[PDB]
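In what follows, a single structure is set out as structure tokens and then discussed.
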Amino acid sequence: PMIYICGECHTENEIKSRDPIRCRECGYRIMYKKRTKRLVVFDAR
Amino acid sequence: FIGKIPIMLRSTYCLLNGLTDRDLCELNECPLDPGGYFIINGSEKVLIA
Amino acid sequence: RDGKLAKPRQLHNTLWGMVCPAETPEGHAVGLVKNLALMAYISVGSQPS
Amino acid sequence: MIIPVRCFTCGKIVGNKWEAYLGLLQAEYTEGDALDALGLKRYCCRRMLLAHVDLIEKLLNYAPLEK
Amino acid sequence: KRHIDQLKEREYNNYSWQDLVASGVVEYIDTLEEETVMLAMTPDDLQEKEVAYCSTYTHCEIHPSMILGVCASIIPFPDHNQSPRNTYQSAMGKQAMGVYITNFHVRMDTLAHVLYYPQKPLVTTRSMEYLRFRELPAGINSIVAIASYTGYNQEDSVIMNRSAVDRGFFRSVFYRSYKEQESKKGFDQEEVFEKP
Amino acid sequence: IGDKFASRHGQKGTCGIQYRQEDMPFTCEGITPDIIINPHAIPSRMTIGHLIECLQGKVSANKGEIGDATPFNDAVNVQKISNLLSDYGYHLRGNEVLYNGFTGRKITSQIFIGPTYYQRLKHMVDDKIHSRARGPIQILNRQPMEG
Amino acid sequence: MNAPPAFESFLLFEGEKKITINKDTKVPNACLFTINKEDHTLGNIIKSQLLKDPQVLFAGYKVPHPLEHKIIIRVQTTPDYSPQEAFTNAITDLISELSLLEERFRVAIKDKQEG
Amino acid sequence: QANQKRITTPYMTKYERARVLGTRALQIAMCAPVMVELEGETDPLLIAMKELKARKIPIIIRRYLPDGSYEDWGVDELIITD
Amino acid sequence: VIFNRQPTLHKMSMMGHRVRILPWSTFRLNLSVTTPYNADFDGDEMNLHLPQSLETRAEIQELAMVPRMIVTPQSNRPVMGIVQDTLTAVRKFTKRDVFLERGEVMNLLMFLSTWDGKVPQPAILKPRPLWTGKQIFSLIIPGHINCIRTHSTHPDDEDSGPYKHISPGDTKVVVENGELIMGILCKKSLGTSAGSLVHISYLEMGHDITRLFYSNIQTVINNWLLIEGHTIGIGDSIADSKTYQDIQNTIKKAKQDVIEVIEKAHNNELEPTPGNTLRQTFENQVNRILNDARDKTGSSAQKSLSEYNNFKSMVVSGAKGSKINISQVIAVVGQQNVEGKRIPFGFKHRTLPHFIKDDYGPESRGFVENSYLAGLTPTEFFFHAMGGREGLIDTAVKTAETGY
Amino acid sequence: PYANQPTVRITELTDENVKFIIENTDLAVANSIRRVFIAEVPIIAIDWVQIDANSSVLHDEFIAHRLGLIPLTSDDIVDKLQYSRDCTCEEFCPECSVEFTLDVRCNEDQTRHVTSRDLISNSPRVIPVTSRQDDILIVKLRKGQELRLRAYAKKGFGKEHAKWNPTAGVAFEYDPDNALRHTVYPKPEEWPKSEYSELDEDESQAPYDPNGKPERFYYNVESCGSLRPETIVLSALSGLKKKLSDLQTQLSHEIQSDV
Amino acid sequence: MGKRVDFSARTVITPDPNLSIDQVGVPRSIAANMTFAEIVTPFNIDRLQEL
RNA sequence: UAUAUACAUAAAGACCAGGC
Ligand SMILES: [Mg+2]
Ligand SMILES: [Zn+2]
Ligand SMILES: [Zn+2]
């Protein structure tokens with residue numbers, strides 16, 4: 001459902017709503033949101 | 001156990017005392033950071049003389 | 001900060017070398033807040049045993 | 001952070017002269033002789049390489065979000 | 001001189017300030033003991049001037065420019081300015097966009113300004129080395145004409161070059177940080193993160 | 001053109017306008033000022049160390065050495081600077097001949113240019129701008145909100 | 001947030017005429033041209049070509065304001081010479097100058113390379 | 001008071017000419033008949049300013065003397081300062 | 001719109017304006033308008049109140065418009081006058097030297113909005129036609145407006161003797177029949193003062209014709225200044241090598257006359273002035289000497305400035321700076337005072353740890369003998385900081401009393 | 001009442017530089033030439049950037065900034081390309097734009113420099129300039145970081161955004177030893193002499209020339225590497241004559257329409 | 001005695017000498033919020049139906 | 001075919017920092 005990145009071991013784990021936040025293979029409680037898929041288009045200006 | 005005392009950063013009782021440059025980066029701390037402030041509820045507080 | 005008395009605000013000869021003459025806030029706080037000079041070292045204290 | 005392409009005033013390219021400029025300093029050139037070998041005549045360009053501060057080497061010490 | 005040769009090589013001598021203080025060369029003197037002292041600005045005043053102001057000097061100061069704080073130590077040539085003008089820079093030196101800490105990519109702080117292209121100055125006080133202002137400079141050098149040109153720079157305004165501003169000059173980043181906290185308050189009342 | 005820049009000497013001021021590199025007065029060598037400040041700033045304010053920094057730093061762009069501004073020297077005079085500046089082919093007081101940017105013609109009076117160190121300030125125009133028409137209203141007074 | 005687009009300086013949108021000619025009632029034989037989306041590059045060439053024409057008593061331009069891009073050129077000529085004729089001969093004389101300069105710069109290049 | 005014995009300046013004080021050109025322009029701005037020939041005027045303040053120089057405005061000004069009495073001056077009887 | 005800046009001290013700080021819509025983010029206003037609001041452009045802000053009805057909008061228009069408020073009831077002077085570069089440029093534009101060719105007249109005339117369509121005949125017809133700044137500025141002056149003022153440098157010996165109306169230095173200003181015949185303009189003519197060339201306009205012509213008067217001076221003399229330009233540079237803060245000797249020999253002479261007054265008081269030979277303590281008569285005699293020192297070296301520095309000096313250009317026309325700022329740059333900064341008295345004793349009987357107890361000499365008590373250009377010595381830097389703190393404090397304290 | 005006939009003398013010609021001397025011309029015509037050397041000489045430079053994955057320490061539009069400023073070899077096909085606004089096709093075609101690609105990942109423990117040499121173009125003609133002397137540095141990568149993006153380069157000129165200036169500093173000087181008195185020296189003896197000065201070391205200034213008017217306009221035109229400096233000039237003249245031939249047209253349509 | 005008001009705006013000031021005395025630059029986004037109620041007549045109804 | 005989704009909620013106070 002939702003892929004998050006551990007702030008310690010940097011292993012993407014799939015964890016879903018109404019779950020405590022702990023990354024497997026560390027135990028570290030700080031997860032990050034990865035990055036969006038949709039198109040970003042910048043001016044070189 | 002009577003309580004818990006907030007600890008100034010980079011004092012002799014911080015975990016960052018005596019660490020070198022390489023170790024301060026693995027812990028994601030700035031080596032240029034002077035220290036001497038507190039972390040209370042995440043904010044960084046400075047006792048003013 | 002409210003008081004209009006100008007004696008506590010004025011720069012005093014005893015501030016040579018232990019307090020920065022130029023650095024100070026402005027507004028109502030003029031001269032009541034003072035930075036420290038570079039070399040100046042506040043003394044931590046001891047026992048007179 | 002990292003050396004600018006395109007010196008601000010005139011618009012000459014100092015982007016590519018940084019890694020060549022660190023080489024000359026380690027060869028015991030003086031910044032006057034270094035900047036003349038790189039061929040930067042005007043002092044608008046000579047202040048890009050001379051006054052530059054390279055933080056991209058500090059910022060690469062911290063580890064990325066992803067392994 | 002033998003003290004200065006040992007400090008010059010201070011690296012890997014394990015010989016430093018404390019070994020300088022322990023030799024009786026330097027001394028800490030607080031204020032109300034400065035009433036009983038005679039200071040010499042520089043070793044120059046110690047040499048015979050043929051007209052003796054004082055022959056008794058009991059302490060010499062290390063350098064006169066250490067009387068200035070951290071924010072007033074960044075000003076070049078501060079003795080050449082009218083005195084309120086070193087006080088105003090003390091106020092505007094704390095507001096300057098620059099790289100504030102080097103770990104800022106990790107930190108989450110509300111209101112973090114940062115600037116793409118900082119530069120260490122070309123005319124620099126010799127005490128900026130101990131403020132670590134070459135590592136975290138806030139500012140950029142700029143070529144500055146002083147002229148009345150089109151009239152738009154009158155009063156305190158500044159005209160700028162727009163071709164410079166297109167190349168990254170003073171072009172900065174403003175980070176803003178939000179936080180929201182799920183909680184359980186009432187007995188049945190829960191808050192949840194969900195797309196409404 | 002709303003933002004706020006200040007030097008190290010206490011000269012603070014907004015941006016008046018932005019001319020493209022075309023429209024800026026250029027030297028004989030094609031150097032155009034990134035920033036032009038009004039000369040009237042100087043006389044009543046009396047920041048002269050702003051005039052020597054533009055001077056000291058034009059020798060330190062040429063020589064390749066980073067100049068020494070430390071406050072008390074007696075080893076650095078305006079006169080010992082200028083003699084170093086005359087050796088790189090500039091007028092020793094730092095004045096330099098400019099051409100008008102729009103019309104091409106020289107500018108009669110010689111203009112004083114040099115590299116100088118400016119700071120951009122936390123204060124920008126986008127965060128100070130505000131406009132109000134029939135919006136939210138306070139609860140107790142039924143008057144417009146604050147802030 | 002109010003910064004105008006970069007292209008807004010040289011591009012015309014719908015309905016803007018490039019040139020607008022309005023007679024001037026203060027003076028006989030005086031005309032006032034209005035050029036949209038131009039600047040001192042173009043305005044200064046023409047003014048300085050009009051003052052060579054001995055039948056032109058007055059010529060001058062101004063940018064009314066720098067943030068809006070248009071030029072305003074007043075021209076006053078002598079009687080029986082129309083200020084629209086003065087401004088056309090100016091433009092054809094530059095074209096006959098710049099076409100002579102581009103040909104003389106190409107000859108000096110070939111001479112310069114291997115010669 | 002009587003039309004005789006009126007004691008007040010004959011000139012129109014800059015406060016009266018500010019509220020006359022305002023009140024007149026508010027009438028014109030709502031379908032009100034225009035006393036003067038209007039030529040290329042879609043703006044009420046310019047029309048009301050034009051009626052004033054021609055002294056066509058239909059308003060009488062009631063000036064209260066400080067003792068409680070009053071005087072009635074029509075906008076034609078007064079003398080326009082500017 | 002009505003347009004405001006806090007605090008509103010008098011009524012010229014709320015004046016109705018006429019909107020013109022321009023890009024970017026900042027309100028923009030003419031520079032003459034920065035005199036009433038007392039606002040310089042560094043981070044300032046100003047409120048905007050858009051009146052919502054034709055009935056209240058016709059009050060602003062006929063009461064509070066900026067062209068109506070030109071003349072203040074307070075001092076019965078104009079509020080708004082020529083300010084900053086233009087008042088420096090006017091003077092440089094109006095000297096006898098200024099001769100504008102045929103190409104540079106065509107541009108200036110293009111910025112006159114009131115110009116009646118006729119190019120005036122050059123002052124010098126042959127060998128080459130050359131207009132004068134006084135000849136073009138006389139097209140700016142509206143109507144037929146007439147004035148006699150005098151320039152700031154006008155010597156007092158001039159009006160008395162021969163050459164009253166020829167005026168060798170071109171100081172005396174005459175305007176006859178809306179035409180500038182002679183003299184240089186400055187703060188005393190275009191500026192704000194009773195009887196200035198601007199104040200006669202609003203009185204004789206009217207508030208409408210005097211609105212086009214400001215906008216012509218600013219546009220035709222700002223677009224002229226692109227030809228001359230203006231600057232301050234280090235060459236303009238510096239004197240001759242001969243003047244630097246006259247500035248020292250006055251100081252050594254002063255600091256030597258203070259040592260005699262000090263030596264006379266040690267032996268008691270100093271007799272008190274009636275009504276004055278011997279400390280009061282000593283603190284006066286030392287101030288009488290040191291003031292003459294810095295008053296002499298100041299006037300010795302103001303003689304040395306060349307006609308091309310830019311400081312002298314900003315001072316003479318009153319645009320900015322005063323004659324006392326030139327003295328401190330070139331010559332001497334002079335005595336530094338705290339609470340109206342010479343620097344006190346913060347330690348016991350001495351001013352700083354460096355000085356010897358009971359030193360009343362000029363150096364110990366705060367006289368700074370260095371100029372901002374040569375740079376202040378360490379202690380003179382500290383005393384100069386003590387005299388400036390008294391300026392910052394007053395400005396913070398007085399405003400809250402003057403507002404209550 | 002007619003145009004003057006100027007002449008050109010090319011003194012130095014190199015790959016970075018052109019010095020020419022234009023004579024018998026107005027000050028206003030000679031200026032407007034160098035004033036076109038900056039703005040209106042078209043060039044190719046990256047504009048539309050699309051960032052697929054950026055793990056670098058530099059945020060997205062900071063890299064999209066540095067890419068724009070990279071010069072691209074404009075030597076020829078700038079004539080062929082059409083402005084993207086005038087181009088009829090939807091989005092980008094081969095006619096209005098060039099496609100670039102950068103796929104870079106740091107596998108090694110060593111710090112990898114992404115250099116402009118890593119921009120890969122669909123067409124052999126336009127490449128980064130250094131590829132035609134170290135390479136421009138876009139960003140540095142620690143192991144594990146990846147930067148891949150796609151960027152379409154367009155045609156434009158220096159009025160839009162300063163990244164289309166074909167030139168480095170364009171020098172301009174006229175009347176080097178001061179006869180005309182357009183600039184008035186307070187002390188004439190303190191000023192260094194121009195490279196172009198005709199005067200001996202003895203005398204400071206040329207004597208005043210009352211009749212003269214500025215001629216002999218000395219240029220130095222130094223390219224950025226996009227366009228060879230010889231063809232920065234040919235494109236400025238041909239590009240000023242095209243703006244004056246746009247006036248004579250749209251003026252003629254108005255005089256004929258008004259009358 | 002005084003109170004917060006509607007139809008007001010606040011921003012930085014910068015010089016434009018090209019203006020008259022009584023004009024002021026008002027940016028487009030500060031001039032887009034602030035509105036002026038205008039009474040429709042037969043005169044301006046052509047212009048206002050477009051607005 | 002007709003008809004419909006119309007706006008409200010983020011409290012207030014305290015101290016602190018800065019701006020003109
Ligand atoms: Mg201010
Ligand atoms: Zn984990
Ligand atoms: Zn450069």
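Just so we're on the same page: first chain in the structure tokens is A, next is B, and so on; residues restart at 1 for each chain, and ligands are numbered from 1 in the order they show up.
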
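For chain B, backbone-based DSSP labels the following residues as strand (DSSP E): residues 38, 39, 40, 43, 44 and 45 of chain B.
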
Neighbours of ligand 2 within 8 Å, counting only C-alpha atoms (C1' of nucleotides) and all ligand atoms, as an mmCIF file with N, CA and C atoms, in the first residue's frame?
```
data_model
loop_
_atom_site.group_PDB
_atom_site.id
_atom_site.type_symbol
_atom_site.label_atom_id
_atom_site.label_comp_id
_atom_site.auth_asym_id
_atom_site.auth_seq_id
_atom_site.Cartn_x
_atom_site.Cartn_y
_atom_site.Cartn_z
ATOM 1 N N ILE A 5 10.782 4.553 3.732
ATOM 2 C CA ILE A 5 12.215 4.311 3.782
ATOM 3 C C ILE A 5 12.695 4.496 5.205
ATOM 4 N N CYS A 6 13.422 3.513 5.709
ATOM 5 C CA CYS A 6 13.959 3.627 7.047
ATOM 6 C C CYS A 6 15.045 4.688 7.078
ATOM 7 N N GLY A 7 15.060 5.472 8.147
ATOM 8 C CA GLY A 7 16.068 6.494 8.315
ATOM 9 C C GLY A 7 17.385 6.000 8.864
ATOM 10 N N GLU A 8 17.529 4.699 9.092
ATOM 11 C CA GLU A 8 18.738 4.138 9.676
ATOM 12 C C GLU A 8 19.370 3.138 8.724
ATOM 13 N N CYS A 9 18.680 2.030 8.460
ATOM 14 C CA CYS A 9 19.188 1.007 7.560
ATOM 15 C C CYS A 9 18.812 1.247 6.106
ATOM 16 N N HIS A 10 17.930 2.204 5.834
ATOM 17 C CA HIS A 10 17.577 2.598 4.471
ATOM 18 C C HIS A 10 17.016 1.432 3.665
ATOM 19 N N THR A 11 16.088 0.692 4.254
ATOM 20 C CA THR A 11 15.434 -0.417 3.576
ATOM 21 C C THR A 11 13.958 -0.095 3.441
ATOM 22 N N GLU A 12 13.478 -0.034 2.206
ATOM 23 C CA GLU A 12 12.067 0.228 1.979
ATOM 24 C C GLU A 12 11.228 -0.901 2.547
ATOM 25 N N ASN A 13 10.279 -0.555 3.405
ATOM 26 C CA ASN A 13 9.322 -1.523 3.902
ATOM 27 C C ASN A 13 7.914 -1.032 3.605
ATOM 28 N N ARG A 22 7.736 0.740 12.979
ATOM 29 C CA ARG A 22 9.039 0.167 13.278
ATOM 30 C C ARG A 22 9.516 -0.500 12.006
ATOM 31 N N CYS A 23 10.741 -0.225 11.608
ATOM 32 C CA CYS A 23 11.268 -0.906 10.443
ATOM 33 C C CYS A 23 11.789 -2.269 10.848
ATOM 34 N N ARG A 24 11.442 -3.277 10.069
ATOM 35 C CA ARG A 24 12.063 -4.573 10.233
ATOM 36 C C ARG A 24 13.562 -4.465 9.976
ATOM 37 N N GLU A 25 14.322 -5.324 10.647
ATOM 38 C CA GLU A 25 15.779 -5.437 10.562
ATOM 39 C C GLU A 25 16.502 -4.193 11.079
ATOM 40 N N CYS A 26 15.825 -3.315 11.812
ATOM 41 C CA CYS A 26 16.515 -2.356 12.669
ATOM 42 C C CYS A 26 15.755 -2.184 13.976
ATOM 43 N N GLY A 27 14.521 -1.706 13.871
ATOM 44 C CA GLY A 27 13.760 -1.293 15.043
ATOM 45 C C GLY A 27 13.649 0.208 15.157
ATOM 46 N N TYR A 28 14.097 0.916 14.130
ATOM 47 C CA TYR A 28 14.212 2.365 14.123
ATOM 48 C C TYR A 28 12.884 2.968 13.701
ATOM 49 N N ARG A 29 12.463 4.003 14.414
ATOM 50 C CA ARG A 29 11.088 4.471 14.391
ATOM 51 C C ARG A 29 10.831 5.600 13.413
#
```

| request: Taking the DSSP assignment computed from this structure's backbone, write out as a PyMOL selection string all residues of stretch 63-197 of chain J that belong to alpha helix (DSSP H). | output: chain J and resi 63-69

| What residues have any atom no more than 8 Å from ligand 1 when counting only C-alpha atoms (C1' of nucleotides) and all ligand atoms, and can you list them as a list in words? | residues 39, 40, 41, 42, 43 and 44 of chain I; 20 of chain L

| Quick one: residues within 6 Å of stretch 18-32 of chain C, only C-alpha atoms (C1' of nucleotides) counted, chain neighbours fewer than 4 positions away excluded, as a PyMOL selection string? | (chain C and resi 1+9+36-37+40) or (chain E and resi 68-69+86-87+90) or (chain I and resi 396)

Enumerate, in order of chain and increasing residue number, the residues of chain E with an atom no farther than 12 Å from chain L, each with its shortest atom pair and distance in Å to one decimal, counting only C-alpha atoms (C1' of nucleotides), as a Markdown table.
```
| residue | atom | partner | partner_atom | distance |
| --- | --- | --- | --- | --- |
| E:91 | CA | L:18 | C1' | 9.5 |
| E:92 | CA | L:18 | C1' | 10.4 |
| E:94 | CA | L:18 | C1' | 10.3 |
| E:95 | CA | L:18 | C1' | 9.1 |
```

| request: Work out how far atom CA of residue I:388 is from atom CA of residue I:336, in Å to one decimal. | output: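 Atom-to-atom, atom CA of residue I:336 to atom CA of residue I:388, that is 8.8 Å.
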
| request: Skip residue F:32 itself and residues of its chain fewer than 3 positions away, then list as number ranges by chain all residues within 9 Å of it, counting only C-alpha atoms (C1' of nucleotides). | output: D: 9-10; E: 143-145, 161; F: 21, 24-27, 29, 35; J: 169

Restrict the selected residues to N, CA, C and O atoms and save them as a PDB file, in the first residue's frame.
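In the end it all went to result16.pdb:
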```pdb
ATOM      1  N   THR D   9      28.946  38.449 -13.205  1.00  0.00           N
ATOM      2  CA  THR D   9      29.032  39.691 -13.960  1.00  0.00           C
ATOM      3  C   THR D   9      29.096  39.474 -15.466  1.00  0.00           C
ATOM      4  O   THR D   9      28.152  39.821 -16.180  1.00  0.00           O
ATOM      5  N   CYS D  10      30.208  38.921 -15.961  1.00  0.00           N
ATOM      6  CA  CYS D  10      30.463  38.913 -17.398  1.00  0.00           C
ATOM      7  C   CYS D  10      29.769  37.767 -18.110  1.00  0.00           C
ATOM      8  O   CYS D  10      29.317  37.934 -19.242  1.00  0.00           O
TER       9      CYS D  10
ATOM     10  N   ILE E 143      30.303  43.156  -7.883  1.00  0.00           N
ATOM     11  CA  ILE E 143      30.925  44.344  -8.453  1.00  0.00           C
ATOM     12  C   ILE E 143      29.952  45.495  -8.235  1.00  0.00           C
ATOM     13  O   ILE E 143      28.796  45.410  -8.634  1.00  0.00           O
ATOM     14  N   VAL E 144      30.408  46.568  -7.604  1.00  0.00           N
ATOM     15  CA  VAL E 144      29.527  47.611  -7.106  1.00  0.00           C
ATOM     16  C   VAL E 144      29.998  48.948  -7.637  1.00  0.00           C
ATOM     17  O   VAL E 144      31.033  49.458  -7.209  1.00  0.00           O
ATOM     18  N   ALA E 145      29.232  49.524  -8.537  1.00  0.00           N
ATOM     19  CA  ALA E 145      29.415  50.905  -8.915  1.00  0.00           C
ATOM     20  C   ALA E 145      28.769  51.756  -7.848  1.00  0.00           C
ATOM     21  O   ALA E 145      27.746  51.373  -7.290  1.00  0.00           O
ATOM     22  N   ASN E 161      21.660  44.169 -11.438  1.00  0.00           N
ATOM     23  CA  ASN E 161      21.825  43.637 -12.769  1.00  0.00           C
ATOM     24  C   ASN E 161      20.948  42.410 -12.902  1.00  0.00           C
ATOM     25  O   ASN E 161      21.059  41.475 -12.115  1.00  0.00           O
TER      26      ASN E 161
ATOM     27  N   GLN F  21      21.919  43.117 -18.567  1.00  0.00           N
ATOM     28  CA  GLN F  21      23.322  43.408 -18.837  1.00  0.00           C
ATOM     29  C   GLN F  21      23.502  44.401 -19.974  1.00  0.00           C
ATOM     30  O   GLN F  21      24.506  45.119 -20.017  1.00  0.00           O
ATOM     31  N   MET F  24      23.176  48.166 -18.487  1.00  0.00           N
ATOM     32  CA  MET F  24      24.017  48.582 -17.382  1.00  0.00           C
ATOM     33  C   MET F  24      25.240  49.333 -17.905  1.00  0.00           C
ATOM     34  O   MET F  24      25.752  49.008 -18.973  1.00  0.00           O
ATOM     35  N   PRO F  25      25.720  50.340 -17.184  1.00  0.00           N
ATOM     36  CA  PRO F  25      26.954  51.001 -17.594  1.00  0.00           C
ATOM     37  C   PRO F  25      28.126  50.058 -17.488  1.00  0.00           C
ATOM     38  O   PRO F  25      28.298  49.380 -16.483  1.00  0.00           O
ATOM     39  N   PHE F  26      28.944  50.023 -18.528  1.00  0.00           N
ATOM     40  CA  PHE F  26      30.031  49.069 -18.609  1.00  0.00           C
ATOM     41  C   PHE F  26      31.358  49.809 -18.615  1.00  0.00           C
ATOM     42  O   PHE F  26      31.421  50.970 -19.004  1.00  0.00           O
ATOM     43  N   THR F  27      32.417  49.153 -18.149  1.00  0.00           N
ATOM     44  CA  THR F  27      33.746  49.748 -18.181  1.00  0.00           C
ATOM     45  C   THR F  27      34.319  49.598 -19.584  1.00  0.00           C
ATOM     46  O   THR F  27      33.673  49.072 -20.491  1.00  0.00           O
ATOM     47  N   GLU F  29      36.432  47.460 -20.311  1.00  0.00           N
ATOM     48  CA  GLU F  29      36.703  46.042 -20.475  1.00  0.00           C
ATOM     49  C   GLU F  29      35.452  45.194 -20.586  1.00  0.00           C
ATOM     50  O   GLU F  29      35.562  43.973 -20.680  1.00  0.00           O
ATOM     51  N   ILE F  35      25.621  45.441  -9.079  1.00  0.00           N
ATOM     52  CA  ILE F  35      24.850  46.229  -8.136  1.00  0.00           C
ATOM     53  C   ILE F  35      25.355  47.655  -8.207  1.00  0.00           C
ATOM     54  O   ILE F  35      26.563  47.879  -8.246  1.00  0.00           O
TER      55      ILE F  35
ATOM     56  N   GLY J 169      31.766  38.733 -21.762  1.00  0.00           N
ATOM     57  CA  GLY J 169      31.858  40.176 -21.852  1.00  0.00           C
ATOM     58  C   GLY J 169      32.224  40.722 -23.219  1.00  0.00           C
ATOM     59  O   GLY J 169      33.219  40.316 -23.816  1.00  0.00           O
TER      60      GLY J 169
END
```

| field | Interface list for chain E, partner chain I, 8 Å threshold, only C-alpha atoms, as a list in words | value | residues 34, 35, 37, 38, 39, 40, 41, 54, 64, 65, 79, 80, 81, 82, 83, 84, 146, 147, 148, 149, 150, 151, 154, 155, 156 and 157 of chain E

Please produce an output containing C-alpha atoms for each residue in the selection, written as a short mmCIF file (atom, residue, chain, number, x, y, z; two decimals), in the first residue's frame.
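Contents of the output file part_24.cif:
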```cif
data_model
loop_
_atom_site.label_atom_id
_atom_site.label_comp_id
_atom_site.auth_asym_id
_atom_site.auth_seq_id
_atom_site.Cartn_x
_atom_site.Cartn_y
_atom_site.Cartn_z
CA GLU E 34 41.81 45.89 35.70
CA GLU E 35 41.68 48.89 38.00
CA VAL E 37 46.77 47.19 36.14
CA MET E 38 48.64 49.20 33.50
CA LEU E 39 48.00 47.84 30.03
CA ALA E 40 50.07 48.40 26.92
CA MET E 41 48.19 48.29 23.63
CA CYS E 54 54.61 55.16 31.86
CA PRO E 64 43.32 45.28 20.27
CA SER E 65 40.70 43.94 17.88
CA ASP E 79 37.50 51.75 12.85
CA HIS E 80 36.86 53.78 9.68
CA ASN E 81 33.05 53.96 10.14
CA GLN E 82 30.84 56.22 12.22
CA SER E 83 30.05 54.33 15.41
CA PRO E 84 26.32 53.61 14.86
CA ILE E 146 28.71 53.90 -6.74
CA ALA E 147 26.90 56.25 -9.08
CA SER E 148 23.60 57.95 -9.56
CA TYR E 149 22.42 56.18 -12.68
CA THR E 150 18.71 56.24 -13.51
CA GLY E 151 17.33 57.63 -10.27
CA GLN E 154 17.87 57.04 -4.80
CA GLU E 155 17.20 57.03 -1.08
CA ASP E 156 18.59 53.72 0.20
CA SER E 157 17.49 51.62 -2.79
#
```

| query | Within 10 Å of chain F, which residues of chain K show up when using only C-alpha atoms, listed as a VMD selection string? | reply | chain K and resid 3 to 16 29 to 35

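Interatomic distance, atom CA of residue H:73 to atom CA of residue H:17: 12.7 Å.
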